[PDB]
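Reading through the structure tokens given below for one structure.
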Amino acid sequence: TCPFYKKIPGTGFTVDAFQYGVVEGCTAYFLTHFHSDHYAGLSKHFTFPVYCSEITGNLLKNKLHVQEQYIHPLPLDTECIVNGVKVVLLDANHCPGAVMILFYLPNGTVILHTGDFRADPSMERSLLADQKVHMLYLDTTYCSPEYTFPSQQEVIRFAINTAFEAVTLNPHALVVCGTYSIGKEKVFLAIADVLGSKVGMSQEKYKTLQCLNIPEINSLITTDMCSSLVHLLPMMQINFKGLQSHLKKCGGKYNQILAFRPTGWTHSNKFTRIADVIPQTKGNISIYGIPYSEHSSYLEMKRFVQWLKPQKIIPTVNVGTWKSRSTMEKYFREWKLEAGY
Ligand code: NI
């Protein structure tokens, strides 16, 4: 049974609600992005209308084989009428194809559903600037002040400088980057660009990347591992055992691996500056954990919400415990008292 925070009142609509069977009253199923916790339940046998971005719709058709007649892609930043209700899709600054949804209810209520997002000041000049929002369905993944991390630009600068240093010292080092979903593609694309290489990967991952509308992608990626000195591997193989095994397969081309694990936040963030980050090393293998986030930090979240001044907030993440829910409600009331709405 579908929970309340996935239903849009006054409509036939749900958001990211594919794992509950046929939801009573639902005439259109929105999907904010192509991450498994959100698409859970979609397959080629789905027969209701799915509304989403063009990029999400490429992935539904090619990766999950959803039939074309049930895929309804909408352009961003454009007023669209769906089943008699005005909606707008906005870039969420999450993974490729990720959106926020603005719903203009027939009674005059305006609702914003952020999906998963990384709040940015640039959102304060989208179509959000123009009008008031009564209800906010908020990605609260890192809704606590201990959650700090650097800008994505600082993290990419660290990774580029680390990779270029290592490979210039040893032209025989291979760079490996972990992945387990879409998102965070800048990590491996920025490193391959500094090294003058294409990124090498499995056929399954190449196919996924080919759905993302990234400009000049055929110039940047390949399935020919032998021609590439930046390889992608599943995240589960980014450990000393899995990397050793991989280096065996490379036919004595390389004698060292430098590997990156983009994580979200980790508690080493509460002590260490990005500049000061060091790897774990075993012999000729080094592994860096880098804090590349596609979700708001606490401070970014707070800034966005204080600017928007919603009347009510409904969290969509960390909702399963009373301690989580009570923590989040306390921060929402602080933010409202400090800003005066
Ligand atoms: Ni996500």
Subject >> Candidate set: segment 210-234, residues that are β-branched (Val, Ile, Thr) and farther than 14 Å from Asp193 by Cα; chosen: the one farthest from the chain's Cα centre (by Cα) >> reply: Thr223
Subject >> Verdict on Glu68 being closer than 23 Å to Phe332 by Cα, acidic (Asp, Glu) and surrounded by fewer than 20 Cβ atoms within 10 Å (Cβ to Cβ) >> reply: no
Subject >> Residues of segment 53-90 satisfying the condition of being in contact (Cβ under 8 Å) with a residue 24 or more places away in the chain and at positive phi >> reply: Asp77, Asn83
Original post:
Which condition number in (1) farther than 19 Å from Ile182 by Cβ; (2) within 16 Å of the ligand (Cβ to nearest atom); (3) of a type outside the set (A, V, I, L, M, F, W, C) is the one that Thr56 fails?
Top reply: (1)
**OP:** Exactly one condition in (1) more than 16 Å from the ligand (Cβ to nearest atom); (2) of a type in the set (A, V, I, L, M); (3) surrounded by fewer than 18 Cβ atoms within 10 Å (Cβ to Cβ); (4) not assigned by CATH to the domain that holds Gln152 is not met by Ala275; state its number.
**Re:** (4)
Original post:
Taking segment 222-269 as the search range and keeping residues that are outside any loop (DSSP other than H, G, I, E, B), touching a residue at least 60 places away in the same chain (Cβ under 8 Å) and in contact with a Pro (Cβ under 9 Å, 6 or more places away or on another chain), which one is farthest from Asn161 (Cα to Cα)?
Top reply: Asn269
**OP:** Name the single residue, out of those in segment 165-186 being within 16 Å of the ligand (Cβ to nearest atom) and crowded, with 18+ Cβ neighbours inside 10 Å, that is farthest from the chain's Cα centre (by Cα).
**Re:** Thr179
**OP:** Considering each residue of segment 280-296, count those that are out of contact with any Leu (no Cβ under 6 Å at 6 or more places or on another chain) and either part of a helix (DSSP H, G or I) or more than 16 Å from the ligand (Cβ to nearest atom) (or both), and give that number.
**Re:** 10
Original post:
Yes or no: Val199 crowded, with 20+ Cβ neighbours inside 10 Å, under 22 Å from the mean Cα position of the chain (by Cα) and more than 16 Å from the ligand (Cβ to nearest atom)?
Top reply: yes
Original post:
Looking at (1) charged (D, E, K, R); (2) away from the ligand (no atom under 16 Å from the Cβ); (3) under 16 Å from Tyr39 (Cβ atoms); (4) surrounded by fewer than 16 Cβ atoms within 10 Å (Cβ to Cβ), can you tell me which one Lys63 breaks?
Top reply: (2)
**OP:** Give segment 189-221 a look and list any residue that's assigned to a helix (DSSP H, G or I) and of a type in the set (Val, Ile, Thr), or say none.
**Re:** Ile191, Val194, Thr208, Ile217
**OP:** May I ask you to list the residues in segment 284-338 that are within 27 Å of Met235 (Cβ to Cβ) and of a type in the set (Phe, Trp, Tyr)?
**Re:** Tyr288, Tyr292, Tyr298
**OP:** Being surrounded by fewer than 20 Cβ atoms within 10 Å (Cβ to Cβ), assigned to a loop (DSSP other than H, G, I, E, B), of a type in the set (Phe, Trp, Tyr) and touching a residue at least 12 places away in the same chain (Cβ under 8 Å) narrows it down to one of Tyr20, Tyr5, so name that one.
**Re:** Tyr20
Subject >> Complete set of residues in segment 91-133 that are among the hydroxyl-bearing types (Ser, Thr, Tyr) and either touching a residue at least 40 places away in the same chain (Cβ under 8 Å) or within 15 Å of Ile313 (Cα to Cα) (or both) >> reply: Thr109, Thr114, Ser126
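Numbers and lists here come from the model and the stated rules, or from a named source; these are not laboratory values. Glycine gets a Cβ as well: all are built from the backbone with ideal geometry, and neighbour counts include every protein chain shown.
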